[PDB]
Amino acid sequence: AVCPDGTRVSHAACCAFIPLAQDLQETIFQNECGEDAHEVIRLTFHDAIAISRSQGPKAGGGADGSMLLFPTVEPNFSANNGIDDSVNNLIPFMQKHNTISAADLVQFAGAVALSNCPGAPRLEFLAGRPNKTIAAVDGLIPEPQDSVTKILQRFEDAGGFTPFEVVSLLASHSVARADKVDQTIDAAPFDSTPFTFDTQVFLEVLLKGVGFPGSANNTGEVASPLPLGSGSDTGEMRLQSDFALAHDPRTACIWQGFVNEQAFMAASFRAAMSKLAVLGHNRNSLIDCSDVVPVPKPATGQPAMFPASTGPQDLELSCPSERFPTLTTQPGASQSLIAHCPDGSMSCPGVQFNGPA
């Protein structure tokens, strides 16, 4: 089909996603892997994962736009703290781009957001999810204080995800920060490169923790290897769940296996996201609109490296059967600040709409 803008695409039903991508980029992401992009990526997961094989369809419909269509229900669950901003940012697009279901909007917006993160894959994007659903029930969203048994079971019950697929999906913590875990600090990144879809999170969670970016007593948090912050440049935070996954016998080798393995990580993330994005649907009933996902920014191709103030002597290794790679260390005696903005500048406020969530 040829779309009104002249773009030739696979299927006529994919045309409306072209102006949606442009609007999302111009309005909320600015082609950056920044605050608003991160928030949308998280929303893609919280929308999709609220489904349960065991509980049946009344517990939730998966990747169904329930977050947008019932903005006063799930976003107010404690496990969804902070999801409100992303919901409020996407509702105006749902209202304007009113040929595209809320469910499809969520998944597409995440694909567009991810495309702004150097190294990310170009997600598969299938379209045609209905615009009607139910609000999900509480308890379906993994929380950082949860055990590996509980996490793995939650993902198995949501969609048959394997441990490999779970850890693959956690590549998203390469482009992720926390506002709610610690009340006293904002935007605490989970790796030293929160604007770059690289393997640094996998490396950095394996380092010995030496302090906290904020306070020491938060649920779901453990000591960080890079806790130094100053001004807007908050120190790295470590989630208990990521730590636990990195060390548990079920997942330690998978976790380590992504260190310095960018292409492997990105491909594995793509495959798991292909499954996540269609929870609640038969994929054989959705049309393939992958060709209207923007082309992602490429990695530079550089290997993972130990951040300054860390090195191999700081590793806490847990995979007996796989050799930990040889990596360089960035020079310097003390920790570098992790920039708050994609350009290293002093100001980069994200666009935010008010709304019902």
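Sequential numbering from 1, following the sequence displayed.
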191-199 versus 93-101 - greater average Cα B-factor per the deposited record: 93-101
Looking only at C-alpha temperature factors in the entry, 220-228 or 180-188, the higher average sits in 180-188
Take the CA temperature factors straight from the PDB entry and tell me which of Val295, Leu69, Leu43, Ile49 peaks. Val295
Using only the C-alpha B-factors in the record, can you name which of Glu74, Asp248, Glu165, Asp85 has the highest? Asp85
Select lowest, middle or highest to describe the third in which the CA B-factor of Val210 falls within its chain in this entry. highest
Test of reading the entry: by CA B factor among the chain's modelled residues, which third contains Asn284? highest
What third of its chain's C-alpha B-factors does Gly332 belong to: lowest, middle or highest? highest
Against its chain's modelled residues, does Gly159's Cα B factor rank lowest, middle or highest third? highest
Sort the modelled residues of this chain by their C-alpha B factor and say whether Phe324 lands in the lowest, middle or highest third. highest
